[PDB]
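Undergrad: Residue numbers (PDB author numbering), protein chains in the order written: chain A, 367 to 511; chain H, 3 to 117; chain F, 3 to 117; chain C, 3 to 117; chain K, 1 to 108; chain D, 1 to 108; chain G, 1 to 108.
Even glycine gets a Cβ: it sits at the ideal position worked out from N, Cα and C.
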Amino acid sequence: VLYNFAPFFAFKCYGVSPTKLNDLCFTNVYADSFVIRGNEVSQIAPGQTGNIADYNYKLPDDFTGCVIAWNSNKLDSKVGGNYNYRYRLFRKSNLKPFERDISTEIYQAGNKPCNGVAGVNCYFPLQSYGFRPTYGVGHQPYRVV
Amino acid sequence: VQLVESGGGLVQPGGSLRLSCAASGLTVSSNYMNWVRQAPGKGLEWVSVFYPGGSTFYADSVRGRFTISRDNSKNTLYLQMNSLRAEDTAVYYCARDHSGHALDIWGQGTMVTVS
Amino acid sequence: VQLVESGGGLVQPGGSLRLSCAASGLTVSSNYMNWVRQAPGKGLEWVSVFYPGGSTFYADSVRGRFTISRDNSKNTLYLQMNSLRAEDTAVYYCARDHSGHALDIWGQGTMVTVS
Amino acid sequence: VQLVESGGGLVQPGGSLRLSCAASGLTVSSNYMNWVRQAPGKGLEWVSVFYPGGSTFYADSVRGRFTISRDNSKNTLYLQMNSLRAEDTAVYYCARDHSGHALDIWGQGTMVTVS
Amino acid sequence: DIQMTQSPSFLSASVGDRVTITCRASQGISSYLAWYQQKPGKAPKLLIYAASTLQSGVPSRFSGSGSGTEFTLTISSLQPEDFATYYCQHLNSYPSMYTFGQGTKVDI
Amino acid sequence: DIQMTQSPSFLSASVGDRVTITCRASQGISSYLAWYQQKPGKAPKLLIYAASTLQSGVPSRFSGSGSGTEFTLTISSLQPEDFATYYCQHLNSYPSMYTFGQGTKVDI
Amino acid sequence: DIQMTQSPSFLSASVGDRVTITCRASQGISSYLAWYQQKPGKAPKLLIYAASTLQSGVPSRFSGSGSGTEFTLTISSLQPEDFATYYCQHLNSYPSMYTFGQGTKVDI
């Protein structure tokens with residue numbers, strides 16, 4: 367049903383085959399969905415290092431699954447701003463494979479104690495995407511499952 | 003916060019140098035730190051980057067000969083180079099990234115010439 | 003045709019240098035190119051050789067510490083050394099082979115002393 | 003017996019030097035030979051050791067960057083270093099061990115500063 | 001890949017008038033761009049970052065506003081100490097990352 | 001592991017009198033200890049090794065005797081050329097080997 | 001393996017007379033041998049190569065002819081600029097390749 371309805375941009379599978387997917391049995395088939403920049407879709411793959419892979423969502427090395435990415439600039443892009451979507455720019459250390467962090471605590475930079483107010487040397491970790499219809503294909507919104 | 007840099011001088015082609023980035027006020031093991039190059043009378047260029055995690059990305063012109071290192075004991079950032087006559091003829095800068103694009107705390111440059 | 007050579011100076015024992023052989027008129031990637039050594043007040047000696055194909059032969063006294071390289075981008079020949087106090091105390095020459103035995107286009111020497 | 007030492011000078015951080023220990027009267031391939039370090043205005047410290055057999059023990063502060071070597075052809079002892087700004091800022095001594103604890107034949111020091 | 005270029009290059013501006021600088025980005029651009037000031041023989045300092053955010057210690061004299069491909073910065077006051085050089089940047093994907101582009105020169 | 005320390009550190013001794021130096025070893029010690037003399041700007045030379053063995057070329061003026069944890073060296077004569085520095089050592093197990101400990105200074 | 005040696009070593013030759021030089025090769029030799037000239041402090045230049053081939057730019061004054069083990073070169077004219085040094089060579093098998101042998105000196 368995937369091919370017939372939704373055209374795809376990067377349809378890739380690791381450890382399994384697309385055509386031979388139907389005639390196989392699994393006990394659990396998960397499904398993780400998010401929205402990533404176009405040029406950062408490639409960070410969703412085994413291993414890899416980057417802003418998204420290391421600090422937001424890290425896939426395991428011995429990964430058995432499929433990654434689906436298709437453009438959404440027609441719908442997901444907003445009229446003049448899509449500041450809703452955010453990614454974790456600042457984190458102390460990398461994520462163990464298949465992990466999640468939703469903390470909005472203010473990051474600490476420097477040995478000086480960090481107060482609640484961001485100010486200087488303390489930053490709000492999450493940073494907002496900028497989505498507008500006139501942006502290039504690199505910075506256009508994408509949907510990855 | 004101050005970022006005083008040491009090292010430099012003149013190194014013959016095919017030689018090696020290391021530069022240390024001393025930072026007092028910010029943690030090197032917690033911020034995006036990077037190296038910026040500026041040949042005399044020309045624009046700036048980017049060399050390395052070093053995330054809070056064990057990650058590092060290099061530019062194409064400085065890949066395979068340039069190695070970066072961090073030591074939390076001295077709270078300093080090190081860059082290791084295996085120089086070439088046109089690869090390293092510039093002042094080197096040490097900076098921190100606030101909002102993922104802007105480098106604010108730029109340290110004083112160190113002259114690294116090859117001859 | 004001219005073969006101007008660069009590099010040299012003084013390197014401490016255990017150090018490293020590289021010498022580049024700039025040739026304007028002949029292709030380095032097409033001719034037998036070799037390195038010739040001459041200690042002060044003594045006869046000449048042979049160091050390396052570099053065929054048009056990916057082949058290289060070294061003398062016994064310069065094997066394992068001396069590496070040669072060719073770059074068609076700059077049309078130049080490079081020699082990499084990991085010096086020793088008695089291995090490298092001589093002027094170095096760059097030459098081409100016409101008839102498989104004779105070296106005709108000899109470039110100007112470069113002094114490479116160790117101390 | 004005399005142990006004259008050569009090498010030294012100034013090496014930039016991240017550089018490399020080698021020091022040779024010339025001994026005329028005792029066999030380097032037969033005695034306990036070792037390297038002793040003395041920063042200016044401070045006490046002495048131990049760096050390496052080299053048994054008659056193919057054995058070598060290093061101190062913790064000089065392990066992995068310091069390599070020792072012996073050549074029976076010249077009857078000399080060599081130490082190879084890959085220097086660091088605080089690892090090597092001292093005069094270096096060459097000695098022999100008589101009774102398994104006492105170093106008698108101490109050679110003249112060689113200044114090895116980094117800058 | 002995107003290429004950052006600046007149109008003005010060298011300029012001549014007097015004390016009385018103002019100066020407007022523009023740098024273009026090929027294949028579109030996000031809202032993240034920083035402006036630097038580099039007096040000759042000195043390490044450059046951040047002047048304007050993000051979308052006209054302005055920075056503490058940077059005078060309100062400076063103000064750089066723009067959106068999309070067309071980006072620009074303008075100085076309102078009389079420029080007592082004649083500034084020298086200015087640059088753009090924008091962080092990119094894995095291979096290139098920080099792209100500064102050609103510099104700009106302004107003087108008396 | 002054992003730590004070698006010397007109590008006197010700096011001292012003041014005249015020509016007429018003698019001088020006694022002691023260095024202590026933590027967690028006990030064997031009978032193997034060497035004493036060195038290092039005039040400023042000169043390579044040190046062996047003075048006394050093992051258990052008060054004395055060495056050829058070292059004057060009978062010097063004599064250092066001790067046993068177990070407490071070790072000491074004494075100079076009997078008037079010390080014409082005022083000596084400068086002195087050290088202890090003892091060879092150890094794999095990780096540490098030669099341990100010299102803090103130095104000692106004696107002068108007029 | 002073959003060893004290249006020259007008999008004359010140092011020589012004394014006046015302007016009026018000529019000079020003859022010979023270099024010997026152990027265990028026989030092919031017909032490929034080159035002669036070089038090296039004025040002091042200058043990079044040597046090819047003078048005669050192969051079997052008396054002579055080279056463009058080398059004067060007809062020089063002529064070096066020989067066959068087999070015995071090889072020699074002779075200068076016919078009066079030698080206005082007194083030449084200094086001369087060498088032989090012959091390319092060999094894998095380990096040695098270019099063998100130059102001992103040099104030769106001729107002067108007034």
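Examine chain K for any beta-carbon lying closer than 9 Å to the beta-carbon of A:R452, and answer yes or no.
TA: Start at 1 with the first residue of the first sequence, and residue 452 of chain A comes out as number 86. It does not; no Cβ of chain K falls within 9 Å.
Undergrad: Within the continuous beta strand (DSSP E) that includes F:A92, where are the two ends?
TA: Here the question's residue 92 of chain F lines up with position 90 in the third sequence. Segment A92 to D99, the beta strand (DSSP E) holding F:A92.
Undergrad: Quick check: the Cα distance between K:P40 and K:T85, rounded to an integer number of angstroms?
TA: Position 40 of the fifth sequence, counting from 1, holds the residue named residue 40 of chain K. Position 85 of the fifth sequence, counting from 1, holds the residue named residue 85 of chain K. For K:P40 and K:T85, the distance between alpha carbons rounds to 8 Å.
Undergrad: Check the Cβ-Cβ distances between H:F59 and every residue of chain K, and say whether any is below 9 Å.
TA: Stepping through the second sequence from its first residue, residue 59 of chain H is reached at position 57. H:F59 counts as touching chain K.
Undergrad: Cα-Cα, which of G:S14, G:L91, G:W35 and G:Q102 is closest to G:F71?
TA: Here residue 71 of chain G refers to the residue found at position 71 when the seventh sequence is read from its first residue. It is G:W35 whose Cα lies nearest to the Cα of G:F71.
Undergrad: Does H:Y95 come within less than 9 Å of chain K when only Cβ atoms are used?
TA: Looking up residue 95 of chain H in the second sequence gives position 93. For H:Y95, the answer is yes, since a Cβ of chain K falls inside 9 Å of its Cβ.
Undergrad: From the beta carbon of K:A43, is the nearest beta carbon of chain B less than 9 Å away?
TA: You won't find chain B in this structure, because its protein chains are A, H, F, C, K, D and G.
Undergrad: Which term fits K:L73, buried or exposed, when burial requires 16 or more other beta carbons within 10 angstroms of its beta carbon?
TA: The residue you call residue 73 of chain K lines up with position 73 of the fifth sequence. Buried, by the Cβ-count rule.
Undergrad: Under 8 Å Cβ-Cβ, which residues of chain C neighbour F:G27?
TA: Locating residue 27 of chain F in the third sequence gives position 25, where the first residue counts as 1. The contacting residues do not exist; F:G27 stays about 38 Å from chain C at best.
Undergrad: Is the CB of F:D62 under 9 Å away from at least one CB in chain G?
TA: On the third sequence, position 60 is the one that residue 62 of chain F refers to. Closer than 9 Å to some Cβ of chain G, the Cβ of F:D62 qualifies, so yes.
Undergrad: Check whether the region 89 to 104 of chain C and the region 27 to 37 of chain C touch, using three or more Cβ-Cβ pairs below 8 Å as the test.
TA: Touching, yes.
Undergrad: What span of residues does the alpha helix (DSSP H) with C:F52 cover, start to end?
TA: Taking the first residue of the fourth sequence as position 1, residue 52 of chain C is located at position 50. No alpha helix (DSSP H) contains C:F52, which is instead part of the beta strand (DSSP E) from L46 to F52.
Undergrad: May I ask which residues mark the beginning and end of the alpha helix (DSSP H) holding A:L368?
TA: For the purposes of this step, residue 368 of chain A is taken as the residue at position 2 of the first sequence. That run of the alpha helix (DSSP H) goes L368 to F371.
Undergrad: Of all the CB atoms in chain A, is at least one closer than 9 Å to the CB of K:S93?
TA: What you label residue 93 of chain K is simply residue 93 of the fifth sequence in a count that begins at 1. It does; some Cβ of chain A falls within 9 Å.
Undergrad: Checking contacts by CB at 9 Å: is A:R457 closer than that to chain K?
TA: On the first sequence, position 91 is the one that residue 457 of chain A refers to. Not closer than 9 Å to any Cβ of chain K, the Cβ of A:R457 fails to qualify, so no.
Undergrad: Going by the CB atoms, is the gap between G:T104 and G:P8 shorter than 9 Å?
TA: Position 8 of the seventh sequence, counted from the first residue, corresponds to residue 8 of chain G. Position 104 of the seventh sequence, counted from the first residue, corresponds to residue 104 of chain G. Yes, the Cβ-Cβ distance between G:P8 and G:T104 is below 9 Å.
Undergrad: How is D:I2 classed by DSSP in three states: helix, strand or coil?
TA: Counted from its first residue, the sixth sequence places residue 2 of chain D at position 2. The answer is coil: DSSP assigns D:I2 none of H, G, I, E or B.
Undergrad: Please tell me whether H:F68 and H:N84 are closer than 9 Å, where the distance is taken between their beta carbons.
TA: Counted from its first residue, the second sequence places residue 68 of chain H at position 66. Counted from its first residue, the second sequence places residue 84 of chain H at position 82. Yes. Within cutoff.
Undergrad: Mind the definition here: the region 465 to 473 of chain A touches the region 485 to 497 of chain A only if three or more C-beta pairs lie below 8 Å; say whether that holds.
TA: Taking 8 Å as the limit for Cβ pairs, the verdict is that the region 485 to 497 of chain A does touch the region 465 to 473 of chain A.
Undergrad: Identify which residue in C:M113, C:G109, C:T115 and C:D90 has its Cα closest to the Cα of C:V3.
TA: Here residue 3 of chain C corresponds to residue number 1 of the fourth sequence, with the count starting at 1. Here the closest residue by C-alpha is C:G109.
Undergrad: Between F:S8 and F:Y95, what straight-line distance do the alpha-carbon atoms span, to the nearest angstrom?
TA: As a first step, residue 8 of chain F is located in the third sequence; it is residue number 6 there, counting from the start. As a first step, residue 95 of chain F is located in the third sequence; it is residue number 93 there, counting from the start. One C-alpha to the other measures close to 11 Å.
Undergrad: Give the C-beta separation of F:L21 and F:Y80 to the nearest angstrom, bearing in mind that I take them to be a contact with Cβ-Cβ under 8 Å.
TA: The residue labelled residue 21 of chain F in the question sits at position 19 within the third sequence. The residue labelled residue 80 of chain F in the question sits at position 78 within the third sequence. Contact flag correct, Cβ pair sits at about 7 Å.
Undergrad: What number of angstroms, rounded off, separates the C-alpha of D:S76 from the C-alpha of C:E47?
TA: Your numbering for residue 76 of chain D matches position 76 in the sixth sequence. Your numbering for residue 47 of chain C matches position 45 in the fourth sequence. Near 29 Å, if we compare the C-alpha coordinates of C:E47 and D:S76.
Undergrad: Out of A:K458, A:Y501 and A:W436, point me to the one whose CA is closest to A:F400's CA.
TA: For this step, residue 400 of chain A is matched to residue 34 along the first sequence. Among A:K458, A:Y501 and A:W436, the Cα nearest to that of A:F400 is on A:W436.
Undergrad: Determine the DSSP secondary structure at G:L78, reduced to helix, strand or coil.
TA: The residue labelled residue 78 of chain G in the question sits at position 78 within the seventh sequence. Three-state result, G:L78: coil.
Undergrad: Is D:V19 helix, strand or coil when you go by DSSP?
TA: As a position in the sixth sequence, residue 19 of chain D is number 19, starting the count at 1. D:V19 falls in the strand class under three-state DSSP.
Undergrad: Exposed or buried, which one is D:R18 when buried takes at least 16 other CB atoms within 10 Å?
TA: The residue given as residue 18 of chain D occupies position 18 in the sixth sequence. Exposed.
Undergrad: Would you kindly report the start and end of the unbroken beta strand (DSSP E) that includes A:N417?
TA: Looking up residue 417 of chain A in the first sequence gives position 51. Looking at the DSSP string, A:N417 is not in any beta strand (DSSP E); the run it does join, the alpha helix (DSSP H), is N417 to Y421.
Undergrad: Could you have a look at G:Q55 and say whether DSSP puts it in helix, strand or coil?
TA: Along the seventh sequence, one-based indexing puts residue 55 of chain G at 55. Correct three-state label for G:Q55: coil.
Undergrad: Check A:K386 in the structure and name its three-state DSSP category.
TA: What you label residue 386 of chain A is simply residue 20 of the first sequence in a count that begins at 1. Correct three-state label for A:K386: helix.
Undergrad: Can G:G68 and G:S52 be called in contact, C-beta distance under 9 Å?
TA: As a working note, residue 68 of chain G is residue 68 in the seventh sequence. As a working note, residue 52 of chain G is residue 52 in the seventh sequence. Not closer than 9 Å, so no.
Undergrad: Taking the beta strand (DSSP E) that F:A24 falls in, what are its first and last residues?
TA: As a first step, residue 24 of chain F is located in the third sequence; it is residue number 22 there, counting from the start. Its beta strand (DSSP E) spans residues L19 to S26.
Undergrad: Taking only beta-carbon atoms, is F:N36 less than 9 Å away from chain G?
TA: Counting from one through the third sequence, the residue named residue 36 of chain F turns up at place 34. Yes, because at least one Cβ of chain G sits closer than 9 Å to the Cβ of F:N36.
Undergrad: What's the call for residue 553 of chain A, buried or exposed, on a 16-neighbour Cβ count within 10 Å?
TA: Because chain A in this structure spans residues 367 to 511, residue 553 of chain A falls outside the shown range and cannot be described.
Undergrad: Which one of C:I107, C:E89 and C:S26 has the shortest CA to CA distance from C:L19?
TA: Within the fourth sequence, numbered from 1, the residue matching residue 19 of chain C stands at position 17. The option with the nearest alpha carbon to C:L19 is C:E89.
Undergrad: Any idea which residues DSSP pairs A:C432 with across the strands?
TA: The residue labelled residue 432 of chain A in the question sits at position 66 within the first sequence. In DSSP, A:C432 forms a bridge with A:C379.
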